[PDB]
Protein chains: 2
Amino acid sequence: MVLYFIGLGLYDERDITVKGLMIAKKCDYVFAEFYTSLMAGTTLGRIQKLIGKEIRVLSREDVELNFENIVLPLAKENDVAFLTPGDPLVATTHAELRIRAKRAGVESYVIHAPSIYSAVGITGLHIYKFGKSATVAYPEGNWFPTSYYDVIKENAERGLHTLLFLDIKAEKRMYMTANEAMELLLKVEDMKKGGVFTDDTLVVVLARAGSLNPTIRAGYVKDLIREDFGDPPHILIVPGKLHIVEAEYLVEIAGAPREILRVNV
Amino acid sequence: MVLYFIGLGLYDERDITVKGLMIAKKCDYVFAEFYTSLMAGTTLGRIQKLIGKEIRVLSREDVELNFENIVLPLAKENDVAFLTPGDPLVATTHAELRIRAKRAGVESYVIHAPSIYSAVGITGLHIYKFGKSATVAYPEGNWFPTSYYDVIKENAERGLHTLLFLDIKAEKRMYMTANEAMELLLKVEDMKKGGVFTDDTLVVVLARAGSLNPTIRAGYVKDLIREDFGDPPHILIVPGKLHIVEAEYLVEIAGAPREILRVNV
Ligand SMILES: Nc1ncnc2c1ncn2[C@@H]1O[C@H](CSCC[C@H](N)C(=O)O)[C@@H](O)[C@H]1O
């Protein structure tokens, strides 16, 4: 009679932690959502096969409006698990569902998994140098989001890197590429003209983190905006000013132009 | 011909991912380091039993000064695994190890696991709101470092949270406690009088993230600086202005005082 929030990891069913697998195997009911992120290297079937249960997938509305009607009831009796891509609380509002659990007299526990937030370390950029993060959202009708642009400006001021989560509309199977995010930003720069993001800005693209062969690329926008980085998910990072070893890693591992070697301290 | 950087996760031997453990079981050689952090919820013996491979442990010098003469040679004619607590490449100096491997003509792959950078999402604080990160270090001799203090100032200044790693003397197994970190910062405040950290500052303490029963506590320094948060390791977080939903979580989950619903929002 408790509820488990269990992360599934970055790419496939194997990025779950052993702790999560053995507990998931012993739960009576298993729920999940696949709208907060995209696990490009697996299927619901493989997850079900690995865990040895039938996973009922929930929609954003089932979760955000009916979590306490669909999932919480069974927890008061049974052991229930709620699976999510990556880490269950990172760049989601699932944390709030812990509070709902509490108000219904249900104990909840969290089992972490590898998250895109810490996986940026594979880019060679010191993770402690990351500043405030932001999400590049798809424009809707007449409304064109731009806050993420200011975030980059603020962090870059301070010499900090900026992590940009990319938008996703899972029900429509839409996953914003880095390419797409770079376009929106040029438009925003063109609209605000702050010299934040231009054809000469250095950016880093990390695609399908968690797989064994993720795409990691660093370079100027003019060069990258049209390059193919493979299937989603992608994220895009706008570094601040670089340490020498960061630049060496970017050149050596991420194929950046050798001349970012030359840092302008 | 292959080197696997495999993360061990947060607290115990089960915090490794299923992908990590299977890859490790198939490696001819397995190395690990416990100088950047320790796994307080387990032992080297229980890690070795779960992997079924003897684990040779490397010191900080072994890694930083002789990675290429201890680990890479073996990786040229065998599959080698290098285990680190948390997520691989989070520790500032580790990414550069991949360059060494490239230089030695060795292929390297990274197998992610849970990191404290993402696992603090369990505190209910929004991840995108975290700013620059820092480490609280012990003063010693004629040296009294205070950069971590300025970090908190610049972050809180911008409404961003500050994640503070506490000093650890890995070899001597000697952890700075959240209590000690608080007093240090109180002492640093008396020095710079910047109005950054005082008895009225609200802070969040996270201990043994990853275990099923972590300790999550939030409150004003004057009430926490002398509270017992249990066994290490401890992580300190000085939040910026809170989103009402964050505050509710800290109150309902981390036992924070009602007062924050109106004072820190
Ligand atoms: N493996 C991966 N590679 C690249 N980007 C990823 C990724 N997994 C998630 N993302 C990024 O993050 C967005 C989802 S945000 C939710 C993140 C999740 N809780 C976690 O802990 O990772 C995606 O739209 C994408 O931009």
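Each chain gets a letter, A, B and so on, in the order its sequence line appears, and its residues count up from 1. We use all heavy atoms of the structure for the numbers below, so side chains are in, but hydrogens, waters and symmetry mates are not. Both ligands and their constituent atoms are indexed starting at 1 by order of listing.
For the residue pair A:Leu50 and A:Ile16, the shortest heavy atom distance occurs at CD2-CG2, 4.3 Å.
At least one heavy atom of A:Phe165 lies less than 4.0 angstrom from ligand 1.
Between A:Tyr175 and A:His234, the ring center distance fails the sub-6.0 Å criterion. Separation of the A:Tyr148 and A:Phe197 ring centroids does not fall under the 6.0 Å cut-off. Residues B:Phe5 and B:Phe82 place their aromatic rings such that the two centres sit under 6.0 Å apart.
Of all the listed residues (A:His234, A:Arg208, A:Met39, B:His112), A:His234 holds the heavy atom that lies closest to atom 5 (N) of ligand 1. Taking only non-hydrogen atoms, the option from A:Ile168, A:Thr36, A:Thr84, A:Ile122 nearest to atom 14 (C) of ligand 1 is A:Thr36. One option in A:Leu89, A:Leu8, A:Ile116 has a heavy atom closer to atom 22 (O) of ligand 1 than any other, and that option is A:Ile116. Nearest to atom 1 (N) of ligand 1 by heavy-atom distance, out of A:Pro214, A:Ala209, A:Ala91, A:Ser118, is A:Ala209. Closest heavy-atom approach to atom 17 (C) of ligand 1 among the candidates A:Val90, A:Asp167, A:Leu163: A:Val90.
Under a 4.0 Å criterion applied to the non-hydrogen atoms of A:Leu206, ligand 1 contributes the atoms 4 (C). Close approach of ligand 1 to A:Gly86 (heavy-atom distance below 4.0 Å) involves ligand atoms 20 (C), 21 (O). For ligand 1, the atoms closer than 4.0 angstrom to any heavy atom of A:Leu10 are 1 (N).
Of the heavy atoms in A:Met176, none comes closer than 4.0 Å to ligand 1. In A:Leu38, neither the side chain nor the backbone holds a heavy atom less than 4.0 Å from any atom of ligand 1. Contact annotation: for A:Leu166 versus ligand 1, heavy atoms closer than 4.0 Å belong to both the backbone and the side chain.
Between A:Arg46 and A:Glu13 there is no salt bridge, since none of the side-chain N atoms of the basic residue sits less than 4.0 Å from a carboxylate O of the acidic one. Ion pairing of A:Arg103 with A:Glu68 is absent here, as no side-chain N (NZ or NE/NH1/NH2) approaches a carboxylate O to less than 4.0 Å. Using a cut-off of 4.0 Å between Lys/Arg side-chain N and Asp/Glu carboxylate O, A:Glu246 and A:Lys129 are scored as salt-bridged. Salt-bridge annotation for A:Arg208 and A:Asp231: absent, with no side-chain N of the basic residue lying under 4.0 Å from a carboxylate O of the acidic one.
Among the atoms of A:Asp87, some N or O lies under 3.5 angstrom from an N or O of ligand 1.
Closest to atom 7 (C) of ligand 1 among all protein heavy atoms lies A:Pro233 CG, 3.6 Å. Looking only at heavy atoms of the protein, atom 11 (C) of ligand 1 is closest to A:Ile235 CG2, 3.4 Å. In this structure, atom 8 (N) of ligand 1 lies nearest to the protein heavy atom A:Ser37 OG, 3.5 Å. Here the protein heavy atom with the shortest distance to atom 20 (C) of ligand 1 is A:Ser115 OG, 3.4 Å.
Paired with A:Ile237 under the rule side-chain contact (heavy atoms from CB on, under 4.5 Å), one option of A:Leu206, A:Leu125, A:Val203 passes, and it is A:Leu125.
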(message) Applying salt bridge (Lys or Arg N to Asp or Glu O under 4.0 Å) to A:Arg158 and A:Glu154, what does each step give before you reach the verdict?
(response) CA-CA 7 Å; A:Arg158 299 177 60 203; A:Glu154 182 181 290; 5.0 Å; no
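Side-chain atoms of B:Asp15 never come within 3.5 Å of backbone atoms of A:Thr17 as a donor-acceptor pair (strictly under, hydrogens ignored).
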